[PDB]
Amino acid sequence: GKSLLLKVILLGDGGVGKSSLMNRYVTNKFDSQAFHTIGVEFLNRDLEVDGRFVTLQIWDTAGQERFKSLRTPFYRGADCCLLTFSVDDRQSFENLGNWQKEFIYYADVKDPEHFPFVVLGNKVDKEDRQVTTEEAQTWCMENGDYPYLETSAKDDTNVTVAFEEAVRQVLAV
Ligand SMILES: Nc1nc2c(ncn2[C@@H]2O[C@H](COP(=O)(O)OP(=O)(O)NP(=O)(O)O)[C@@H](O)[C@H]2O)c(=O)[nH]1
Ligand SMILES: [Mg+2]
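Sequential numbering from 5 applies to the sequence shown in the working numbering.
Right, dumping it as structure tokens:
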């Protein structure tokens with residue numbers, strides 16, 4: 005019959021790698037000189053998870069605060085939220101709780117305690133990390149027991165796994 009259509013939405017500070025993550029996963033391409041997203045964009049991607057056929061509709065958003073008004077209307081209907089930071093940007097990590105809360109409010113999330121969130125620490129390939137695997141993981145345990153993954157759009161480290169996990173989190177609810 006039909007594939008299961010699931011809507012996942014990437015949220016996180018400007019520069020973290022959201023569009024690079026979506027574009028690495030969808031078209032196996034990476035741009036070193038990626039330009040700020042100013043609105044929203046979605047790309048559909050087909051996969052099989054646990055021998056189950058899914059269409060993942062990945063919504064990309066502007067991470068910058070000036071474009072908040074453009075992205076917030078598109079949060080509603082998301083089946084999962086990928087809260088994204090960069091391992092070389094302590095502020096992006098510190099802003100996770102803010103992203104999480106902005107999602108729950110504008111997505112109109114009735115049951116936030118059970119809503120599927122996945123946290124991605126991107127840019128793991130880069131040498132000077134400013135945020136430790138341990139503190140990232142501890143935050144995720146303490147703030148809802150969210151699965152955490154370290155990713156690199158650049159090297160294609162854990163990108164497929166992150167998006168598969170988003171699907172698994174959805175199917176487990
Ligand atoms: N080293 C490295 N650079 C990455 C990685 N992912 C993205 N980048 C780089 O980081 C910059 C920002 O990427 P981008 O995908 O545009 O980030 P964004 O979160 O979508 N930004 P915005 O919210 O403003 O649209 C680009 O120069 C891109 O090449 C990664 O895994 N590793
Ligand atoms: Mg972008």
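Idealized CB from N, CA, C, for every residue including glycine.
Taking one C-beta from the region 126 to 141 and one from the region 156 to 175 each time, how about it: are there three or more such pairs within less than 8 Å?
yes
Can you tell me where the beta strand (DSSP E) holding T88 begins and where it ends?
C84 to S90
Sub-8 Å separation of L25 and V58 beta-carbons:
no
Nearest candidate by alpha-carbon position, reference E45, set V53, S36, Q61 and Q37
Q61
Taking only the alpha-carbon atoms, compute the straight-line gap between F97 and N32 and give it to the nearest angstrom.
26 Å
For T76, collect the residues of the same chain with a Cβ closer than 7 Å to its Cβ; drop the 5 residues on either side in sequence, then sort them by chain order.
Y110
Restricting to Cα atoms, I'd like to know which of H118, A82 and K114 is closest to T65.
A82
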